[PDB]
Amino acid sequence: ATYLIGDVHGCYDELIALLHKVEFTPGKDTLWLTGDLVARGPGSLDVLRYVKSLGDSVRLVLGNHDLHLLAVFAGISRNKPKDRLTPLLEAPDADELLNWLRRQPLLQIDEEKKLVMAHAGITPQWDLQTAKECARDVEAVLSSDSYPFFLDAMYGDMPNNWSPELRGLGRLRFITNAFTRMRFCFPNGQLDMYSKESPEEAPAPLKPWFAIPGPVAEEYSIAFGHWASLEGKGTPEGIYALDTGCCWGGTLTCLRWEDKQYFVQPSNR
């Protein structure tokens, strides 16, 4: 079977309970994870150990909190106490875990399932070939010996409009923001980098990225996390918002792909 789970955010206990509920069996089942494995929740270290141990039975995409963790680890950014990353950072196996983490994709595609996954979604200004190439560019920098320089460069909210003639720092920043921070769009597809509230509360003319027709979303289903104020509701057919805010006292959501059946674990907080 195929299972998709939203942002775990260090909620190791809830993740294991949810997986036991569906009797996830490595080697017979595959787990897709929408990223943001770490931060807020108490057990980022345990989540990383477990997910890494799953090997080929897991398909991950990196989120904005995974990339922030890598930036803290590399000395690029300051550790925030509320993230509760210190046990993972100080762990004897931290180098191994994080060198594995930075090697993971930004985008997962399964042609047989007609399924695409990224942390925040697929921006409507991209087709599948462009999404693939941008994923590869950022993955190449993240998995290189020089990744701290990229991580330092990634911060910033501009440029917010895609053009194939984007080059250098601006190109990398747009790709990163589109894959891991995108929520709202302007009518032409421009990224808004400020509003984090629900669609109902969004000021005009902002619309969810998935409310704007795009080539990928017309040929593929898209699963994503990141957007917790969405609370997994209000998406069109073929769009699955799996982030239901476990770390925030909400729930961890699992979707079985074969029958589109949902399973939920309540937050312990």
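Residues carry their position along the shown sequence, with the first being 1.
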In the PDB record, does 185-193 or 138-146 carry the higher mean Cα temperature factor? 185-193
Determine, for stretches 162-170 and 108-116, which one has the higher mean CA B-factor as deposited. 162-170
In this PDB entry, which of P87, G156, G75, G121 has the top CA B-factor? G156
Residue, from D36, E237, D46, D243, that the PDB entry assigns the highest Cα B-factor: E237
Cα B factor band for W257 (lowest, middle or highest third within the chain): lowest
Sorting the chain's modelled residues by C-alpha B-factor and splitting them into thirds places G63 in the lowest
When the deposited Cα B-factors of this chain's modelled residues are ordered and cut into thirds, is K82 in the lowest, the middle or the highest one? highest
State the tercile, meaning the lowest, middle or highest third, of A17 with respect to the CA B-factors recorded for its chain. lowest
Please rank the C-alpha B-factors of the chain's modelled residues and tell me whether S221 sits in the lowest, middle or highest third. middle
